[PDB]
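Visitor: Contents of input-v2.tsv (TSV, C-alpha atoms) are given next:
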chain	number	residue	atom	x	y	z
A	152	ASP	CA	25.31	131.15	82.71
A	153	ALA	CA	23.42	128.12	84.03
A	154	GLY	CA	24.57	126.00	81.09
A	155	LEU	CA	28.14	126.74	82.11
A	156	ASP	CA	27.43	125.51	85.63
A	157	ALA	CA	26.20	122.11	84.47
A	158	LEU	CA	29.12	121.93	82.03
A	159	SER	CA	31.61	122.97	84.70
A	160	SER	CA	30.40	120.19	86.99
A	161	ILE	CA	30.76	117.65	84.19
A	162	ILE	CA	34.30	118.72	83.35
A	163	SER	CA	35.04	118.63	87.08
A	164	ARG	CA	34.33	114.88	87.20
A	165	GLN	CA	36.59	114.43	84.18
A	166	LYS	CA	39.60	115.86	85.97
A	167	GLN	CA	39.24	113.57	88.99
A	168	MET	CA	38.75	110.58	86.68
A	169	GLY	CA	41.85	111.67	84.81
A	170	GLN	CA	43.78	111.67	88.06
A	171	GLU	CA	42.42	108.29	89.20
A	172	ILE	CA	43.36	106.75	85.84
A	173	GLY	CA	46.88	108.16	86.07
A	174	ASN	CA	47.36	106.71	89.54
A	175	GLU	CA	45.97	103.36	88.38
A	176	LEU	CA	48.17	103.23	85.27
A	177	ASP	CA	51.25	104.15	87.28
A	178	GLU	CA	50.58	101.36	89.78
A	179	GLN	CA	49.91	98.88	86.99
A	180	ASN	CA	53.23	99.66	85.34
A	181	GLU	CA	54.81	98.93	88.74
A	182	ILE	CA	52.92	95.62	88.94
A	183	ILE	CA	54.05	94.73	85.42
A	184	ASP	CA	57.68	95.50	86.20
A	185	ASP	CA	57.36	93.42	89.37
A	186	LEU	CA	55.99	90.55	87.27
A	187	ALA	CA	58.80	90.77	84.71
A	188	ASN	CA	61.28	90.35	87.54
A	189	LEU	CA	59.36	87.40	89.00
A	190	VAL	CA	59.09	85.75	85.58
A	191	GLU	CA	62.84	86.18	85.03
A	192	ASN	CA	63.68	84.60	88.41
A	193	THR	CA	61.16	81.77	88.06
A	194	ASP	CA	62.43	81.11	84.54
A	195	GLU	CA	65.92	80.78	86.01
A	196	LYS	CA	64.78	78.34	88.70
A	197	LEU	CA	63.07	76.38	85.94
A	198	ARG	CA	66.26	76.24	83.86
A	199	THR	CA	68.20	75.10	86.93
A	200	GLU	CA	65.78	72.32	87.82
A	201	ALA	CA	65.48	71.10	84.23
A	202	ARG	CA	69.27	70.80	84.22
A	203	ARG	CA	69.34	68.89	87.49
A	204	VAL	CA	66.76	66.51	86.04
A	205	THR	CA	68.93	65.72	83.03
A	206	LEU	CA	71.95	65.10	85.30
B	169	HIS	CA	32.06	137.99	70.22
B	170	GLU	CA	35.15	137.32	72.35
B	171	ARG	CA	33.16	135.46	74.99
B	172	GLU	CA	31.29	133.67	72.21
B	173	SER	CA	34.64	132.87	70.60
B	174	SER	CA	36.13	131.57	73.84
B	175	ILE	CA	33.02	129.44	74.32
B	176	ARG	CA	33.15	128.02	70.77
B	177	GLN	CA	36.87	127.24	71.15
B	178	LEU	CA	36.12	125.55	74.45
B	179	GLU	CA	33.87	123.17	72.51
B	180	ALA	CA	36.65	122.20	70.12
B	181	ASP	CA	38.91	121.52	73.10
B	182	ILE	CA	36.21	119.41	74.77
B	183	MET	CA	35.87	117.39	71.54
B	184	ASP	CA	39.65	116.90	71.53
B	185	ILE	CA	39.47	115.56	75.08
B	186	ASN	CA	36.66	113.21	74.07
B	187	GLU	CA	38.94	111.81	71.36
B	188	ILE	CA	41.79	111.38	73.87
B	189	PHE	CA	39.53	109.31	76.12
B	190	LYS	CA	38.49	107.22	73.12
B	191	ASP	CA	42.12	106.76	72.10
B	192	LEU	CA	43.12	105.76	75.64
B	193	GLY	CA	40.07	103.53	75.86
B	194	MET	CA	40.82	101.78	72.57
B	195	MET	CA	44.39	100.94	73.53
B	196	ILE	CA	43.46	99.75	77.02
B	197	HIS	CA	40.91	97.37	75.47
B	198	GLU	CA	43.31	96.01	72.84
B	199	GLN	CA	46.09	95.58	75.38
B	200	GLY	CA	43.64	93.30	77.15
B	201	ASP	CA	44.61	90.62	74.60
B	202	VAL	CA	48.27	90.92	75.60
B	203	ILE	CA	47.34	90.52	79.28
B	204	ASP	CA	45.19	87.50	78.36
B	205	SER	CA	48.26	85.93	76.73
B	206	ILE	CA	50.48	86.76	79.71
B	207	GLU	CA	48.03	85.12	82.07
B	208	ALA	CA	47.73	82.08	79.79
B	209	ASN	CA	51.49	81.53	79.49
B	210	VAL	CA	51.82	81.70	83.25
B	211	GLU	CA	48.92	79.32	83.91
B	212	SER	CA	50.41	76.93	81.37
B	213	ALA	CA	53.85	77.18	82.97
B	214	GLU	CA	52.17	76.44	86.32
B	215	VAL	CA	50.50	73.23	85.16
B	216	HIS	CA	53.70	72.02	83.47
B	217	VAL	CA	55.68	72.41	86.69
B	218	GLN	CA	52.91	70.52	88.50
B	219	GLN	CA	52.90	67.79	85.85
B	220	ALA	CA	56.71	67.66	85.96
B	221	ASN	CA	56.70	67.15	89.72
B	222	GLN	CA	54.13	64.36	89.37
B	223	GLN	CA	56.63	62.65	87.08
B	224	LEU	CA	59.70	63.26	89.27
B	225	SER	CA	57.73	62.12	92.32
B	226	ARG	CA	56.93	58.88	90.46
B	227	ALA	CA	60.58	58.36	89.46
B	228	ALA	CA	61.57	58.77	93.11
C	139	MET	CA	19.49	131.46	71.53
C	140	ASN	CA	22.83	132.13	69.86
C	141	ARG	CA	26.12	130.53	68.84
C	142	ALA	CA	27.26	130.51	72.49
C	143	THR	CA	24.19	128.85	74.02
C	144	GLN	CA	24.11	126.14	71.35
C	145	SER	CA	27.85	125.52	71.64
C	146	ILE	CA	27.54	125.13	75.43
C	147	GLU	CA	24.76	122.59	74.92
C	148	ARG	CA	26.82	120.52	72.49
C	149	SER	CA	29.80	120.60	74.88
C	150	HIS	CA	27.48	119.40	77.64
C	151	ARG	CA	26.42	116.47	75.47
C	152	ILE	CA	30.00	115.60	74.44
C	153	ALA	CA	31.45	116.03	77.93
C	154	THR	CA	28.84	113.65	79.36
C	155	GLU	CA	29.77	110.95	76.84
C	156	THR	CA	33.44	111.48	77.75
C	157	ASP	CA	32.68	110.94	81.46
C	158	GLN	CA	30.87	107.73	80.54
C	159	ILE	CA	33.88	106.57	78.55
C	160	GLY	CA	35.86	107.48	81.65
C	161	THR	CA	33.91	105.14	83.95
C	162	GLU	CA	34.15	102.41	81.32
C	163	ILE	CA	37.94	102.85	81.26
C	164	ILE	CA	38.23	102.77	85.04
C	165	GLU	CA	36.15	99.58	85.22
C	166	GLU	CA	38.19	97.87	82.53
C	167	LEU	CA	41.49	98.78	84.18
C	168	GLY	CA	40.11	97.25	87.36
C	169	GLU	CA	39.53	93.92	85.62
C	170	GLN	CA	43.00	94.06	84.08
C	171	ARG	CA	44.65	94.86	87.41
C	172	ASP	CA	42.98	91.81	89.00
C	173	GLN	CA	44.06	89.68	86.05
C	174	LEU	CA	47.67	90.78	86.57
C	175	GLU	CA	47.39	90.06	90.31
C	176	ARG	CA	45.99	86.58	89.69
C	177	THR	CA	48.90	86.03	87.29
C	178	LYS	CA	51.37	87.06	90.00
C	179	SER	CA	49.74	84.70	92.52
C	180	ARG	CA	50.10	81.78	90.08
C	181	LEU	CA	53.68	82.70	89.27
C	182	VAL	CA	54.93	82.85	92.88
C	183	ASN	CA	52.97	79.70	93.63
C	184	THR	CA	54.86	77.97	90.79
C	185	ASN	CA	58.13	79.37	92.08
C	186	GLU	CA	57.45	77.61	95.41
C	187	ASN	CA	56.54	74.43	93.54
C	188	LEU	CA	60.02	74.49	92.05
C	189	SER	CA	61.40	74.23	95.59
C	190	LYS	CA	59.57	70.92	95.89
C	191	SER	CA	61.13	69.92	92.55
C	192	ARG	CA	64.54	70.53	94.13
C	193	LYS	CA	63.56	68.47	97.18
C	194	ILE	CA	62.43	65.51	95.07
C	195	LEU	CA	65.57	65.68	92.93
C	196	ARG	CA	67.71	65.78	96.07
C	197	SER	CA	66.20	62.47	97.21
C	198	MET	CA	67.08	60.88	93.83
D	11	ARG	CA	33.15	131.80	84.19
D	12	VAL	CA	34.51	130.94	80.76
D	13	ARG	CA	38.07	131.68	81.89
D	14	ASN	CA	37.85	129.10	84.69
D	15	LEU	CA	36.33	126.45	82.43
D	16	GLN	CA	39.12	127.12	79.91
D	17	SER	CA	41.80	126.53	82.54
D	18	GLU	CA	40.20	123.30	83.78
D	19	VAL	CA	39.86	122.01	80.23
D	20	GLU	CA	43.56	122.69	79.57
D	21	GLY	CA	44.34	120.81	82.77
D	22	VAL	CA	42.21	117.86	81.67
D	23	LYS	CA	43.90	117.80	78.27
D	24	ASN	CA	47.28	117.79	80.01
D	25	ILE	CA	46.37	114.98	82.44
D	26	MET	CA	44.76	112.80	79.78
D	27	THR	CA	47.60	113.30	77.29
D	28	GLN	CA	49.94	112.07	80.04
D	29	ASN	CA	47.61	109.11	80.56
D	30	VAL	CA	47.87	108.20	76.89
D	31	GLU	CA	51.66	108.32	77.37
D	32	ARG	CA	51.27	106.04	80.38
D	33	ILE	CA	49.27	103.62	78.22
D	34	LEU	CA	51.76	103.76	75.36
D	35	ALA	CA	54.36	102.90	77.99
D	36	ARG	CA	52.20	100.13	79.45
D	37	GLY	CA	51.92	98.67	75.96
D	38	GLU	CA	55.70	98.44	75.73
D	39	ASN	CA	55.98	96.97	79.22
D	40	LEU	CA	53.21	94.45	78.51
D	41	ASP	CA	54.87	93.26	75.28
D	42	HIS	CA	58.17	92.92	77.15
D	43	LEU	CA	56.45	90.94	79.92
D	44	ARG	CA	54.60	88.77	77.38
D	45	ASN	CA	57.88	87.81	75.75
D	46	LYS	CA	59.27	86.83	79.14
D	47	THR	CA	56.22	84.66	79.83
D	48	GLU	CA	56.65	82.93	76.47
D	49	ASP	CA	60.25	82.14	77.39
D	50	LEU	CA	58.96	80.91	80.77
D	51	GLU	CA	56.31	78.68	79.23
D	52	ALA	CA	58.89	77.25	76.82
D	53	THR	CA	61.31	76.36	79.63
D	54	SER	CA	58.45	74.74	81.56
D	55	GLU	CA	57.71	72.50	78.57
D	56	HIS	CA	61.34	71.38	78.51
D	57	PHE	CA	61.23	70.77	82.26
D	58	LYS	CA	58.08	68.67	81.84
D	59	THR	CA	59.57	66.70	78.94
D	60	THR	CA	62.85	66.02	80.73
D	61	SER	CA	60.96	64.86	83.82
D	62	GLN	CA	58.87	62.41	81.78
D	63	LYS	CA	62.11	60.79	80.65
D	64	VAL	CA	63.77	60.01	83.99
Can you give me the file's structure in the form of structure tokens?

Guide:
Amino acid sequence: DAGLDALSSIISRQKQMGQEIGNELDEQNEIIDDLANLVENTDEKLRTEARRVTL
Amino acid sequence: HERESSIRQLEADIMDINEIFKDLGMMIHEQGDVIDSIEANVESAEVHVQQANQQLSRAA
Amino acid sequence: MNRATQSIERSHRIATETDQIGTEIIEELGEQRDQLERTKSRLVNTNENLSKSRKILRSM
Amino acid sequence: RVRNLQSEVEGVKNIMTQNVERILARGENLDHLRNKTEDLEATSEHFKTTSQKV
């Protein structure tokens, strides 16, 4: 009765948290993919400059 | 006892959710080490490029 | 009191702990996000520093 | 209502299970990224070394 009301409110917070976490994790995986691409490109510029140096 | 049963089963499901949070929490925390390493390799790469330019600038 | 009332109470207790684990998770992901963003900042900064490398090497 | 609570709990289990999948995926993506940063750090060492020579 009343115990279910307090419990229902608690579980209610859980759902929103669950959704916030999902949105956060999704964005972070985007950020990580973005970083992998930037690393790859920077690593290529590095290779190129190191070569020029040796020339 | 059907309402009682549904209520008791609800508890088992709430415990299961608690364990999912703990599982998610544990992995997020441990993955923190990987992120620490990623940040470190990048900071290190950054200083090396800076040190390298100091050298090239001196050779110029 | 009966099996239902006591089960509801335990669920209350467990569900509260879960919510607390939830806020802990959200806070930790926030720190990790910032760490990844700082990493990105350093990486692009380094990428631009490599353009100066090119400039110095051109003057060789 | 016990029926409502049951539905919300199933929804939470579904969302959180998907979040664990997102984290298992983030783990893979983080390891992949870490390897790339190790390659990056290695190349930067070479760059530094080669520059010290000229």

Visitor: I'd like to know which of B:224, B:203, B:188, B:217 is closest to residue 196 (chain A), using all atoms listed in the file.

Guide: B:217

Visitor: Can you build me a table of chain D residues sitting at most 8 Å from chain B, with the closest atom pair per residue and its distance in Å to one decimal, using only C-alpha atoms, sorted by chain and residue number, as JSON lines?

Guide:
{"residue": "D:12", "atom": "CA", "partner": "B:175", "partner_atom": "CA", "distance": 6.8}
{"residue": "D:16", "atom": "CA", "partner": "B:178", "partner_atom": "CA", "distance": 6.4}
{"residue": "D:19", "atom": "CA", "partner": "B:182", "partner_atom": "CA", "distance": 7.1}
{"residue": "D:22", "atom": "CA", "partner": "B:185", "partner_atom": "CA", "distance": 7.5}
{"residue": "D:23", "atom": "CA", "partner": "B:185", "partner_atom": "CA", "distance": 5.9}
{"residue": "D:26", "atom": "CA", "partner": "B:188", "partner_atom": "CA", "distance": 6.8}
{"residue": "D:27", "atom": "CA", "partner": "B:188", "partner_atom": "CA", "distance": 7.0}
{"residue": "D:29", "atom": "CA", "partner": "B:192", "partner_atom": "CA", "distance": 7.5}
{"residue": "D:30", "atom": "CA", "partner": "B:192", "partner_atom": "CA", "distance": 5.5}
{"residue": "D:33", "atom": "CA", "partner": "B:192", "partner_atom": "CA", "distance": 7.0}
{"residue": "D:37", "atom": "CA", "partner": "B:199", "partner_atom": "CA", "distance": 6.6}
{"residue": "D:40", "atom": "CA", "partner": "B:202", "partner_atom": "CA", "distance": 6.7}
{"residue": "D:41", "atom": "CA", "partner": "B:202", "partner_atom": "CA", "distance": 7.0}
{"residue": "D:43", "atom": "CA", "partner": "B:206", "partner_atom": "CA", "distance": 7.3}
{"residue": "D:44", "atom": "CA", "partner": "B:206", "partner_atom": "CA", "distance": 5.1}
{"residue": "D:47", "atom": "CA", "partner": "B:209", "partner_atom": "CA", "distance": 5.7}
{"residue": "D:48", "atom": "CA", "partner": "B:209", "partner_atom": "CA", "distance": 6.1}
{"residue": "D:50", "atom": "CA", "partner": "B:213", "partner_atom": "CA", "distance": 6.7}
{"residue": "D:51", "atom": "CA", "partner": "B:213", "partner_atom": "CA", "distance": 4.7}
{"residue": "D:52", "atom": "CA", "partner": "B:213", "partner_atom": "CA", "distance": 8.0}
{"residue": "D:54", "atom": "CA", "partner": "B:213", "partner_atom": "CA", "distance": 5.4}
{"residue": "D:55", "atom": "CA", "partner": "B:216", "partner_atom": "CA", "distance": 6.3}
{"residue": "D:57", "atom": "CA", "partner": "B:220", "partner_atom": "CA", "distance": 6.6}
{"residue": "D:58", "atom": "CA", "partner": "B:220", "partner_atom": "CA", "distance": 4.5}
{"residue": "D:59", "atom": "CA", "partner": "B:220", "partner_atom": "CA", "distance": 7.6}
{"residue": "D:61", "atom": "CA", "partner": "B:220", "partner_atom": "CA", "distance": 5.5}
{"residue": "D:62", "atom": "CA", "partner": "B:223", "partner_atom": "CA", "distance": 5.8}
{"residue": "D:64", "atom": "CA", "partner": "B:227", "partner_atom": "CA", "distance": 6.5}

Visitor: Wanna dump the chain C-chain B contacts at 6 Å for me, each residue with its shortest atom pair and the distance in Å to one decimal, counting all atoms listed in the file, ordered by chain and number, as JSON lines?

Guide:
{"residue": "C:142", "atom": "CA", "partner": "B:172", "partner_atom": "CA", "distance": 5.1}
{"residue": "C:145", "atom": "CA", "partner": "B:176", "partner_atom": "CA", "distance": 5.9}
{"residue": "C:149", "atom": "CA", "partner": "B:179", "partner_atom": "CA", "distance": 5.4}
{"residue": "C:156", "atom": "CA", "partner": "B:186", "partner_atom": "CA", "distance": 5.2}
{"residue": "C:163", "atom": "CA", "partner": "B:193", "partner_atom": "CA", "distance": 5.8}
{"residue": "C:177", "atom": "CA", "partner": "B:207", "partner_atom": "CA", "distance": 5.4}
{"residue": "C:184", "atom": "CA", "partner": "B:214", "partner_atom": "CA", "distance": 5.4}
{"residue": "C:191", "atom": "CA", "partner": "B:221", "partner_atom": "CA", "distance": 5.9}
{"residue": "C:198", "atom": "CA", "partner": "B:228", "partner_atom": "CA", "distance": 5.9}

Visitor: Export, as a PDB file, in the coordinates of the input, the selected residues with C-alpha atoms.

Guide:
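Saved the output as again10.pdb:
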ATOM      1  CA  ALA C 142      27.260 130.510  72.490  1.00  0.00           C
ATOM      2  CA  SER C 145      27.850 125.520  71.640  1.00  0.00           C
ATOM      3  CA  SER C 149      29.800 120.600  74.880  1.00  0.00           C
ATOM      4  CA  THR C 156      33.440 111.480  77.750  1.00  0.00           C
ATOM      5  CA  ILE C 163      37.940 102.850  81.260  1.00  0.00           C
ATOM      6  CA  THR C 177      48.900  86.030  87.290  1.00  0.00           C
ATOM      7  CA  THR C 184      54.860  77.970  90.790  1.00  0.00           C
ATOM      8  CA  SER C 191      61.130  69.920  92.550  1.00  0.00           C
ATOM      9  CA  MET C 198      67.080  60.880  93.830  1.00  0.00           C
TER      10      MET C 198
END

Visitor: Could you work out which residues of chain A fall inside 8 Å of chain C? Count all atoms listed in the file, and format the result as an mmCIF file with C-alpha atoms, in the frame of the given file.

Guide:
data_model
loop_
_atom_site.group_PDB
_atom_site.id
_atom_site.type_symbol
_atom_site.label_atom_id
_atom_site.label_comp_id
_atom_site.auth_asym_id
_atom_site.auth_seq_id
_atom_site.Cartn_x
_atom_site.Cartn_y
_atom_site.Cartn_z
ATOM 1 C CA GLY A 154 24.570 126.000 81.090
ATOM 2 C CA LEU A 155 28.140 126.740 82.110
ATOM 3 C CA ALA A 157 26.200 122.110 84.470
ATOM 4 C CA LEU A 158 29.120 121.930 82.030
ATOM 5 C CA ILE A 161 30.760 117.650 84.190
ATOM 6 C CA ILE A 162 34.300 118.720 83.350
ATOM 7 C CA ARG A 164 34.330 114.880 87.200
ATOM 8 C CA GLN A 165 36.590 114.430 84.180
ATOM 9 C CA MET A 168 38.750 110.580 86.680
ATOM 10 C CA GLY A 169 41.850 111.670 84.810
ATOM 11 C CA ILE A 172 43.360 106.750 85.840
ATOM 12 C CA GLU A 175 45.970 103.360 88.380
ATOM 13 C CA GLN A 179 49.910 98.880 86.990
ATOM 14 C CA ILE A 182 52.920 95.620 88.940
ATOM 15 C CA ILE A 183 54.050 94.730 85.420
ATOM 16 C CA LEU A 186 55.990 90.550 87.270
ATOM 17 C CA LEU A 189 59.360 87.400 89.000
ATOM 18 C CA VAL A 190 59.090 85.750 85.580
ATOM 19 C CA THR A 193 61.160 81.770 88.060
ATOM 20 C CA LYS A 196 64.780 78.340 88.700
ATOM 21 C CA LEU A 197 63.070 76.380 85.940
ATOM 22 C CA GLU A 200 65.780 72.320 87.820
ATOM 23 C CA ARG A 203 69.340 68.890 87.490
ATOM 24 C CA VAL A 204 66.760 66.510 86.040
#

Visitor: Which residues come within 8 Å of residue 173 (chain A), counting only C-alpha atoms, excluding same-chain residues fewer than 2 positions away, as a list in words?

Guide: residues 169, 170, 171, 175, 176 and 177 of chain A; 25, 28, 29 and 32 of chain D

Visitor: By how many Å are CA of residue 198 (chain A) and CA of residue 45 (chain D) apart?

Guide: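 Interatomic distance, CA of residue 198 (chain A) to CA of residue 45 (chain D): 16.4 Å.
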
Visitor: Report, in Å with one decimal, the straight-line distance from CA of residue 53 (chain D) to CA of residue 178 (chain A).

Guide: 29.0 Å

Visitor: Between CA of residue 184 (chain A) and CA of residue 39 (chain D), what is the distance, to one decimal in Å?

Guide: 7.3 Å

Visitor: Which is closer to residue 187 (chain A) than all the others in D:36, D:42, D:56, D:11, using all atoms listed in the file?

Guide: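 Closest candidate: D:42.
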